[PDB]
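Engineer: Just dropping in an experimental structure and the matching sequence.
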Amino acid sequence: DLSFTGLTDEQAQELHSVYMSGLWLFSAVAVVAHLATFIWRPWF
Amino acid sequence: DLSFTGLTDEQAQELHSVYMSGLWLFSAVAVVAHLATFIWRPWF
Amino acid sequence: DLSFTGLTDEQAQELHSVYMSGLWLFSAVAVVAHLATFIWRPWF
Amino acid sequence: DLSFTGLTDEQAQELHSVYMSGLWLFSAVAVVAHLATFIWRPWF
Amino acid sequence: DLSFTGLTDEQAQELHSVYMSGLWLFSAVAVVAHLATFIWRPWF
Amino acid sequence: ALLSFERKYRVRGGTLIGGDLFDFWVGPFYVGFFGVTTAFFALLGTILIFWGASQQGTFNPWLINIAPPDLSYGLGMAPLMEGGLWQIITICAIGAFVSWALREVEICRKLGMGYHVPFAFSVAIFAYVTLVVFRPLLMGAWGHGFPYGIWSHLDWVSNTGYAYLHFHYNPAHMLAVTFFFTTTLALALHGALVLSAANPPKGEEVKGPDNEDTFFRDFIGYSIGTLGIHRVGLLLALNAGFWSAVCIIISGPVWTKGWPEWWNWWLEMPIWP
Amino acid sequence: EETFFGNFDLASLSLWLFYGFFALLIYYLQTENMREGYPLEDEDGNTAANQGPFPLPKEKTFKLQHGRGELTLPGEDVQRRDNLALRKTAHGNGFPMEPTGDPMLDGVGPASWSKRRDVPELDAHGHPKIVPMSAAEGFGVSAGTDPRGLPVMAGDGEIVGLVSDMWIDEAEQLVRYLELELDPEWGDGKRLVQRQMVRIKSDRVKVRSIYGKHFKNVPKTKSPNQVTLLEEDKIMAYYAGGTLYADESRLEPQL
Amino acid sequence: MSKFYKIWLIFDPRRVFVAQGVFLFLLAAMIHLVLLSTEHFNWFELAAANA
Amino acid sequence: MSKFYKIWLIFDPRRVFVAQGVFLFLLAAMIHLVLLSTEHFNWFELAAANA
Amino acid sequence: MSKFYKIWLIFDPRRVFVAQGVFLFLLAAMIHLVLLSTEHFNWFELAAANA
Amino acid sequence: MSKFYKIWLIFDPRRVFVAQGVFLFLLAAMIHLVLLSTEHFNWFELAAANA
Amino acid sequence: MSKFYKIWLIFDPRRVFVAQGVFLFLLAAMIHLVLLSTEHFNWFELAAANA
Amino acid sequence: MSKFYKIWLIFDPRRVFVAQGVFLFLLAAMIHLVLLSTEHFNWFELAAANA
Amino acid sequence: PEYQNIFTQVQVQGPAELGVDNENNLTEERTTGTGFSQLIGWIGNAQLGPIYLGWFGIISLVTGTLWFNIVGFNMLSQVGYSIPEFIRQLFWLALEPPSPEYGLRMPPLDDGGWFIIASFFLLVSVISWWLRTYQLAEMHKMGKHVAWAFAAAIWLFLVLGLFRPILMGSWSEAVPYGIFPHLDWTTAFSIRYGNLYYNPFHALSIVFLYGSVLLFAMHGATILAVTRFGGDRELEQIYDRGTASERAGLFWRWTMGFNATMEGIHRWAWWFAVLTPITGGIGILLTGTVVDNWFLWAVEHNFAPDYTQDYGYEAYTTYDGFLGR
Ligand code: BCL
Ligand code: BCL
Ligand SMILES: CC[C@H]1c2cc3[nH]c4c(c3C)C(=O)[C@H](C(=O)OC)c4c3nc(cc4[nH]c(cc(n2)[C@@H]1C)c(C(C)=O)c4C)[C@@H](C)[C@@H]3CCC(=O)OC/C=C(\C)CCC[C@H](C)CCC[C@H](C)CCCC(C)C
Ligand SMILES: CC[C@H]1c2cc3[nH]c4c(c3C)C(=O)[C@H](C(=O)OC)c4c3nc(cc4[nH]c(cc(n2)[C@@H]1C)c(C(C)=O)c4C)[C@@H](C)[C@@H]3CCC(=O)OC/C=C(\C)CCC[C@H](C)CCC[C@H](C)CCCC(C)C
Ligand SMILES: COC1=C(OC)C(=O)C(C/C=C(\C)CC/C=C(\C)CC/C=C(\C)CC/C=C(\C)CC/C=C(\C)CC/C=C(\C)CC/C=C(/C)CC/C=C(\C)CC/C=C(\C)CCC=C(C)C)=C(C)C1=O
Ligand SMILES: COC(C)(C)C(=O)C/C=C(\C)CC/C=C(\C)CC/C=C(\C)CCCC/C(C)=C/CCC(C)CC/C=C(\C)CCC=C(C)C
Ligand SMILES: COC(C)(C)C(=O)C/C=C(\C)CC/C=C(\C)CC/C=C(\C)CCCC/C(C)=C/CCC(C)CC/C=C(\C)CCC=C(C)C
Ligand SMILES: COC(C)(C)C(=O)C/C=C(\C)CC/C=C(\C)CC/C=C(\C)CCCC/C(C)=C/CCC(C)CC/C=C(\C)CCC=C(C)C
Ligand SMILES: COC(C)(C)C(=O)C/C=C(\C)CC/C=C(\C)CC/C=C(\C)CCCC/C(C)=C/CCC(C)CC/C=C(\C)CCC=C(C)C
Ligand SMILES: COC(C)(C)C(=O)C/C=C(\C)CC/C=C(\C)CC/C=C(\C)CCCC/C(C)=C/CCC(C)CC/C=C(\C)CCC=C(C)C
Ligand SMILES: COC(C)(C)C(=O)C/C=C(\C)CC/C=C(\C)CC/C=C(\C)CCCC/C(C)=C/CCC(C)CC/C=C(\C)CCC=C(C)C
Ligand SMILES: COC(C)(C)C(=O)C/C=C(\C)CC/C=C(\C)CC/C=C(\C)CCCC/C(C)=C\CCC(C)CC/C=C(\C)CCC=C(C)C
Ligand SMILES: [Fe+3]
């Protein structure tokens, strides 16, 4: 089992779950903002 | 269990509760200020 | 066998498999973007 | 046998085989690219 | 027996025998390229 | 990530102000009260510079130019587009430099060594302040400062030098140039001597201070020593900075005519036949 | 003059070649300066997960004089201290350390010393470099004020003894140490003070770094005619630690 | 989303709080200064013009 | 894809989070500034013109 | 080749990952900027013209 | 030609791989940039003139 | 003439190979640039001339 | 003439070989450049002048 | 306050040091006789001499003296052999390079012959001094870093005096031997070929000069700061690391995020100092032979700034308003 940071497999899984949970929320907010901006002044 | 700062689960939950309580008040004040500014001079 | 980093064969196989999966995902997204861009404004 | 890097004959053979396989793949891709470019807009 | 680099007679013989093959291959490729260029656009 | 000998030096105390409120590290960097002030001032200055670049109409590093106001505005404030951003950035830069010097002071106090480095940095800060504060204040307008551009802060130097006909005839400019050249030569000689002493030809033993002393006494007939060379270099650099400041500050508010004419005192002495 | 293509001429070629050479030179210079203190460690003494973008350099050998052997770098840390009386003030990295006992007596903080060799430094002839002035033939004071015989005043205004001798550097003709004979009230024996931490006046010599009560615990030399590198380090750093640990007001914020 | 509190098992509040305190004031000051450099949203010249 | 969680066995999350935050703020600032250097998408000048 | 997984027995994954992460973003930014410096592919000016 | 595998008994592969990568990328970028500086091989200008 | 292999007993091959590579690449690039400098042997302009 | 070999009984061949190589290359390059610098002996321009 | 270690409190004097020796027998050419200066002992060492007298040193001394005497006697003869007028106009006289009409041929004595003779002598003297500095390092068993750093400046010397006039095909492209004339040559050279600010290699040389001055200031301050731990004995710190090196490294690591070693800082200093004349000579060699206008070069290469406002005083004020009428 390779580990440079000293973590365990389960710890990595539990970290990645919350990381992706936050990433999806960030992306959703960005998508809503982009949709509103495109409705305001198009670029395509 | 993964903990770099030496805190437990309950302490982290309490800290997050207080932090979110502060963040919501900051955001509400900012929203009221932005509404007043938009009524004064619109930018859209 | 030869190893300049201290790794073993199985760990290298696992790491390369995951890296390759990520590379293919990136390449697929890039391909979709290039096709859309070419449809919008063709070069060549 | 003379060796400055610490490798033995068999490991050098294996490395060179892998390196030559990668080189041939790169050369084939480059050949395809150059053929397409020459067909599109020929120099010489 | 004069030596300054630490090699023997057989090792130097083998090294030069390997080197000359690459030298001659490079020279042959260069000769073919120069002949093709001269046929394309003579400079004499 | 610490060095293998760093942990025993990482103790608490030695702060001018703040106590343990800001006493920690971020990576290799040390944070304090003045670290916070430095970060704030530097970030504000950089973001204001890029805002001005965006409003100028170019993001090219070679072509960004933020300029001081016109001479008609005097010592008052100008509109933020007609040169006020330059004043704000100047204030931010002064604050950041002072905070950097005080942070160096705090680090010196914590490590238990002398305070020579902040004192040396103070001379460069003095030269900058003379360039942007003292000379414009004496001349009567903030428009005498140089612009903040990579290639536009050389046109200012050229035009200011040619405003006195021949700036090479300034005696303080002569002194400063001589000090600069001497400092460069001394640094080259010191580095070469140390490297040659520590790196002999292959198969030879290393050397010591006696060998260096003999070498320079054989070479030129005098040796300054391993301790006097550092004093000499520090003094040369500080003198170069000080005389550069003096040369720039005497050009505008004290002398007005051309610099070659200043030598008429020598050319017209009564002793000459 | 002409251009190879577009606006590219000889000057541009020279500029780009210099760019490449400067990049390689910067790489070489940065890599050359990583022969001491690596690999990096965390605050628990273990190897850190991050080591930077510059790999470690290759080995070089120094051949030392007087038959003291050879030194190869980069290598293991032979100047490492063994048991430090320090305590972590946090569970993670990036926070200071707290002394466990007496920092001046335990050699931590600004009083830290390095584990150097326990042998004196030699000159070209193979003699000890620093020698007392009473054993150096033909040496005498030529300028300034002679400190021998003058009383010594501590950092709090206490007289502890008289200056009895000077230790000089014969090879470079420079004074290195001042020897002090202590009054029975303030201790016993003799102690050394480095020349860089004293101020010689017409009637007294003042040492502002430490107080009167800190003079009895200055490290002593084993031999009366020579001093080793380890002893110099411990004596010199003990004197430096007083700028912070001699009083409580020197450690707290000045404001 | 319900496990966001685990960030405090990664970061100590003593550094995060000061970082956020610097960041928020920097943001507010820049934004106010950027507003002050325009012609339509400068509330100092607006009062002079309106009077 | 199901094994992307093994990136944290190579990189320490504490450094990655700081680097990602700095990168995201710098990118957002650069884009918001690039939009303001044009005429079609500069909302301050558009607000000025529509009044 | 089927045996391309042995590159990780010669190189350290951490340094490679950091360098590749820097390289990809630098390349993408350079390509987007090169696109913005033309006339037929500048989308801001194309949007301005079509309005 | 069969004994060409012994080149790894002289050079350390770790150095050669990095040098080769840097050289290859620089050469590719230089050639692509040299192509753009002409007028017959600029695909951006060719696409612009073809509409 | 047949004893030319003895050169490796005088020169260290490690240094010689690196110097050879650098010199060969620089010479080839310089010759190609010099060929491009002329007006009869520039093959990029000849394609446009023949079009 | 017969005893000319005793020049190695004085000089170190290692330095002589390197100096000879560098000097020969520099001399050849300088002569080629000098020939190119004239008008009658420039063979690149002669090909164009004969076309 | 604490002692700052700028001036020595008390001096000591012992028997004079004659120097180290080996089988090369350096003693046979060294002089006998030494002195002591108490005025200089406040800063550095007090012993003066002895010096080593080889053949390169004697040749260089004699030939440089010949060059000096030639220049001085020409300047004296140019004024009518009047000593008061020679003293009065000392900073204004010179030995002028030949006229442009003579090309690379030998000019008459009135129009550049003495200039060529003196230049030949100066070249011989400088090369002799360089050979001496190489020979001394070869006989003491040391590295040759001093010779390389001198050759770095000799490169710019030769470019300014020998290589560029030959490339431009005229002996009139050299520098006159005078105090004010050489500054005049600097300014005229800058004006004649556009603006030397927009020469990139002049900018690089300026960068390295500024960096070298900054680096000596930093290193001097750092060494004087840690001198209470024996930090001025750098070689013993290199061979056996002490606390002074650790503290000096940790200061800069905590200040700017990276540091050096006791031996690696000298490599930084050597290169920053050496890189200035090399870049300067490369930049000077390209002027006129390749580029004739540097502002036009900058404009063509798109890094010359543009200005919007107008020119003239009447666009900003009035002549009567300036006078206060
Ligand atoms: C026509 C042009 C005239 C001329 C006109 C002038 C004028 C006008 C000036 C001088 C000045 C100088 N001249 Mg002159 N000069 C000429 C040509 C020459 C020649 C020559 C021909 O060889 C030489 C050798 C010099 C050299 C000099 C120096 C004596 C002096 C430079 C000041 C200095 O270094 O202060 C160095 C001090 C500083 C300003 C450093 C400031 C550093 C600050 C405090 C810190 C910076 C922090 C930074 C922002 C951090 C960000 C980086 C992060 C990593 C991101 N001149 C010609 C003849 N000269 C200048 C001078 O004396 O200035 C006082 C000056 O203004
Ligand atoms: C109007 C003036 C022009 C200008 C014209 C020039 C010209 C022309 C030149 C310089 C050059 C230089 N310029 Mg400029 N320069 C200008 C403005 C500036 C400004 C500024 C405004 O602040 C600065 C900082 C500088 C400074 C500099 C240096 C960076 C550089 C000198 C290289 C060097 O190492 O010199 C140090 C000097 C030497 C090393 C000379 C060689 C010394 C030899 C070894 C002497 C031998 C000893 C002797 C024979 C014996 C004496 C007797 C003894 C007592 C025994 N310039 C303006 C724009 N500049 C030079 C350069 O390289 O530019 C590319 C140069 O030629
Ligand atoms: C910037 C470096 C250049 C340089 C520097 C230099 N040379 C020096 C010194 C220095 C700083 C001395 O201090 C030393 C000297 O004695 O100066 C008076 C010396 C010296 N370099 C000399 C020559 C010399 N150096 C040369 C080289 C150089 N000189 C470098 C290029 C050359 C050249 C270019 O060819 C020459 C010809 C000798 C004249 C001298 C070597 C000293 C010697 O051999 O005997 C001197 C000792 C004595 C017999 C007594 C002291 C001499 C005093 C002048 C008389 C009494 C004064 C009293 C004792 C104190 C002096 C007061 C101080 C204010 C000096
Ligand atoms: C890295 C580049 C820097 C540099 C480096 C550098 N210079 C060097 C060296 C190095 C590494 C040496 O080793 C060499 C040296 O000897 O240094 C002590 C030197 C040197 N650089 C010098 C000068 C110099 N360097 C300069 C600059 C620089 N050199 C750069 C900034 C400059 C300028 C214009 O900035 C000058 C003017 C000399 C001091 C010295 C070269 C000595 C030499 O060549 O002497 C030849 C001999 C003669 C010309 C005979 C002169 C005869 C005199 C008429 C009398 C005898 C001399 C006497 C000491 C003077 C008069 C004394 C009075 C009391 C009578
Ligand atoms: C013998 O002896 C000696 C040594 O020894 C042996 C030496 O070695 C040396 C040293 C010499 C050398 C190493 C040679 C090389 C030196 C030079 C060529 C000199 C020139 C140097 C440079 C060009 C580089 C200098 C770089 C500088 C000044 C910039 C670095 C500074 C920063 C990145 C910021 C400083 C950090 C601060 C203030 C702390 C952060 C602030 C806070 C409030 C912390 C709160 C947290 C946050 C804000 C968020 C997290 C922050 C982050 C990640 C910071 C980064 C932020 C960004 C926005 C990027 C010498 C002289 C010596 O004689
Ligand atoms: C137009 O052309 C120009 C050049 C001008 C451009 O503008 C070009 C621009 C680009 C090329 C831009 C490119 C931009 C990117 C590639 C951006 C990528 C951004 C991301 C991948 C962002 C990801 C962010 C993810 C986040 C924030 C996710 C989660 C965070 C958290 C959940 C925080 C909380 C974490 C916890 C609690 C973990 C702890 C858990 C335990 C179990 C301990
Ligand atoms: C338009 O273009 C330009 C470039 C000009 C711009 O202007 C660009 C602008 C941006 C890109 C702006 C971006 C802005 C952001 C991303 C802003 C983000 C802001 C936040 C996330 C703010 C968070 C604030 C949180 C707060 C205030 C929380 C709490 C505060 C408290 C005081 C609570 C304190 C907590 C305690 C005491 C807990 C103690 C508990 C224990 C158990 C001990
Ligand atoms: C047109 O002319 C000019 C010059 C203007 C150009 O534009 C020229 C341009 C070029 C010459 C461009 C050339 C570009 C390239 C050659 C680009 C090459 C790019 C790549 C090879 C990219 C590869 C990316 C691969 C990635 C991202 C793969 C995977 C990543 C991950 C899976 C991330 C997660 C990692 C994990 C989980 C590690 C696994 C760990 C374990 C423990 C199992
Ligand atoms: C026109 O005027 C100007 C000045 C512009 C010019 O252009 C002038 C140009 C010149 C004067 C040019 C002159 C050029 C030359 C003299 C060129 C000479 C070139 C060579 C001698 C080249 C030799 C190349 C040899 C090679 C490539 C040999 C071998 C290569 C290999 C990769 C194989 C080696 C492998 C080995 C040894 C494996 C190791 C074996 C073990 C057993 C360990
Ligand atoms: C027109 O004129 C100008 C000057 C403008 C020019 O353009 C001039 C141009 C030139 C002169 C160009 C010259 C170009 C060359 C000489 C190019 C040469 C290129 C190569 C030799 C390329 C080699 C590429 C090799 C590759 C891609 C190899 C890849 C290998 C691998 C991916 C496998 C890696 C190996 C492993 C993992 C070993 C296994 C490990 C073990 C432990 C067993
Ligand atoms: C016109 O005015 C101006 C200034 C322009 C001038 O141009 C003026 C020019 C001059 C004044 C020029 C003056 C020129 C001279 C005085 C020239 C003199 C030249 C010589 C004396 C040349 C001698 C050459 C000798 C040679 C080449 C000898 C070679 C010998 C060997 C190759 C044999 C080697 C011997 C060995 C190996 C001995 C081995 C024995 C053992 C025991 C080991
Ligand atoms: C008569 O009264 C007495 C006896 C007291 C005197 O002797 C008085 C003497 C004086 C008052 C002398 C005063 C001297 C000066 C003021 C001198 C000033 C000198 C300079 C500023 C000199 C600068 C020299 C050189 C410069 C700036 C650059 C480059 C030069 C060179 C590379 C020179 C080398 C020349 C070569 C290689 C060409 C030689 C020609 C050949 C054909 C080989
Ligand atoms: Fe030093």
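Structural biologist: It's in. Numbers count the residues shown, from 1 in each chain, chains lettered A, B, ... in the order given. Ligands and ions are numbered 1, 2, ... in the order given.

Engineer: who in chain A is up against chain H?
Structural biologist: Residues of chain A found near chain H (Cβ under 8 Å from any Cβ of the partner chain) are A:17-18, A:21-22, A:25. C-beta here means a position set from N, CA and C on the backbone, and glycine is covered the same way.

Engineer: now do 6 Å
Structural biologist: A:18, A:21 (Cβ under 6 Å from any Cβ of the partner chain).

Engineer: Show me the helices in chain A, by range?
Structural biologist: Applying DSSP state H to chain A gives helices spanning A:9-40.

Engineer: Just read off the phi/psi values of residue G:143.
Structural biologist: For residue G:143, the backbone dihedrals (degrees, to the nearest 10) come out as phi -160, psi 170.

Engineer: Helix or strand: which one has the closest residue to it other than its chain neighbours?
Structural biologist: Counting by Cβ to Cβ, 6 or more residues apart in numbering or on different chains, the nearest residue to residue G:143 once its immediate chain neighbours are dropped is residue N:11, at 3.9 Å. If you go by DSSP states H and E, residue N:11 is part of strand N:10-13.

Engineer: Which strands or helices does that strand pack on?
Structural biologist: In this structure, strand N:10-13 makes packing contacts with strand G:140-144, judged by 3 or more Cβ pairs under 6 Å, 6 or more residues apart in numbering or on different chains; DSSP states H and E.

Engineer: now the strand it packs on, how far from the centre of its chain.
Structural biologist: Its chain's C-alpha centre and that of strand G:140-144 lie 28 Å apart, by Cα atoms, centre = their mean, to the nearest Å.

Engineer: Show the subsequent helix or strand relative to the strand holding residue N:11.
Structural biologist: Taking DSSP H and E, what comes next after strand N:10-13 is strand N:35-36.

Engineer: Partner strands of that following strand, with direction?
Structural biologist: strand N:47-48 (antiparallel) (DSSP bridges).

Engineer: check contacts around the residue in the stretch 1-150 of chain N positioned nearest to chain J.
Structural biologist: Going by Cβ to the nearest Cβ, chain J is nearest to residue N:145 of the stretch 1-150 of chain N, at 33.0 Å. Counting by Cβ atoms under 6 Å, 6 or more residues apart in numbering or on different chains, residue N:145 touches F:192, F:195-196.

Engineer: Counting neighbours, which of these comes out on top?
Structural biologist: Using other Cβ atoms under 10 Å in any protein chain shown as the neighbour test, these are led by residue F:192, with 26 neighbours.

Engineer: wait, that residue sits on residue N:144?
Structural biologist: No - here residue F:192 lies out of contact with residue N:144, judged by Cβ atoms under 6 Å, at a distance of 9.0 Å.

Engineer: What is the neighbour count of whichever residue of chain A sits closest to chain D?
Structural biologist: Chain D sits closest to residue A:2 of chain A, with a gap of 21.6 Å, by Cβ to the nearest Cβ. Counted with other Cβ under 10 Å, residues neighbouring residue A:2 total 16.

Engineer: tell me which of the contacts of residue N:145 is nearest to residue C:9?
Structural biologist: Within these, the smallest distance to residue C:9 is 46.0 Å, found for residue F:195 (Cβ to Cβ).

Engineer: Show me the helices in chain H, by range?
Structural biologist: H:13-36, H:43-50.

Engineer: quick one: which of those is nearest ligand 12?
Structural biologist: helix H:13-36 (51.8 Å; Cβ to the nearest ligand atom).

Engineer: What about residue N:69, how many residues nearby?
Structural biologist: When neighbours are counted by other Cβ under 10 Å, residue N:69 comes out with 12.
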